[PDB]
Amino acid sequence: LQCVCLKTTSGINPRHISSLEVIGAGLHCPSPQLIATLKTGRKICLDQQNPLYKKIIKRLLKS
Amino acid sequence: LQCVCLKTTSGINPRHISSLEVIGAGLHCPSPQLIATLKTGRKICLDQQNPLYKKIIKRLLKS
Amino acid sequence: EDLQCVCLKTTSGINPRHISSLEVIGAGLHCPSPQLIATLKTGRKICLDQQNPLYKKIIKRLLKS
Amino acid sequence: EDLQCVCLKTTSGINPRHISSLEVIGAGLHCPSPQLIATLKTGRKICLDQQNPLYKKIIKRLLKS
Ligand code: TCN
């Protein structure tokens, strides 16, 4: 089918993230999809091009 | 602005859905969001106009 | 054996309007029963009982906007 | 006390090619430890060991176009 993450964002605070999901590319979407869940319930798409996502993964692996 | 769901789908088979999340409108996104995760780990957005979602809630709960 | 259900117990006095998200998980190898996890806007997470129509009120409330 | 850890046991013998998605969940009220849940292409879920680098390879794989 198709990508869900058509619009990505970087205007977010690592500290507000509670979880991150990486969906690999395949027939449904030619690129990886990174969906972050804020602590308040909201979900946003991250851009793999920004390294923000690597900071998120370190903070999550810490706590 | 920061919506995950920019484009929906009404073409799926509920059999394939492992979970459904209902997100309310807020500051990131002005409209409710219906994200379905397929058994494979892939996500799709559903239309709240189409009641397939209702079909899907029923099936997940009485399963 | 590898994984267990995330929901220990269910809660029932919540106000449909304190919820920012509702997640419906089917039964599977991961957990033998379907689960209803609601996120309060405060970030607290609770599980609801599918045998309480409260979840239907939340879903109605969440689709509003 | 409504939620608990879903990850009981971790797995180390998986082919990075079988994984379709990975979820990293930080610690909090629900579980005092982070959890790495992978969904294989088969619909099956498993927990990865973070103090093992099998997960590093998977991340790298999942990030390729
Ligand atoms: N009950 C329980 Ni746990 C177990 N076994 C874990 N890990 C938790 N929380």
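Heads up, residue numbers simply count up from 1 along the chain you see.
Per the header: X-ray crystallography, 2.2 Å.
A Cβ is built for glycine as well, from the same backbone N, Cα and C atoms used for every other residue.
DSSP assigns B:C3 (disulfide bond) to coil in the three-state reduction, outside any helix or strand. Packing around B:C3 (disulfide bond) is summarised by its Cβ count: 20 other Cβ atoms lie within 10 angstroms of its Cβ, all protein chains included. Here Swiss-Prot flags B:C3-B:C29 (among others) as disulfide bond.
Annotation source Swiss-Prot lists disulfide bond at B:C5-B:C45 (among others). The 10 Å shell around the Cβ of B:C45 (disulfide bond) contains 19 further Cβ atoms across the protein chains shown.
Annotation source Swiss-Prot lists phosphoserine at B:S19, citing similarity to another entry. In three-state terms derived from DSSP, B:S19 (phosphoserine) belongs to an extended strand segment.
In the structure shown, across all protein chains, B:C5 is the one of the disulfide-bonded residues B:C5, B:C29 with the greatest number of other Cβ atoms within 10 Å. A gap of 21 Å separates the Cα atoms of B:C29 (disulfide bond) and B:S19 (phosphoserine). Distance between Cα atoms for B:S19 (phosphoserine) and B:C3 (disulfide bond): 19 Å, as a whole number.
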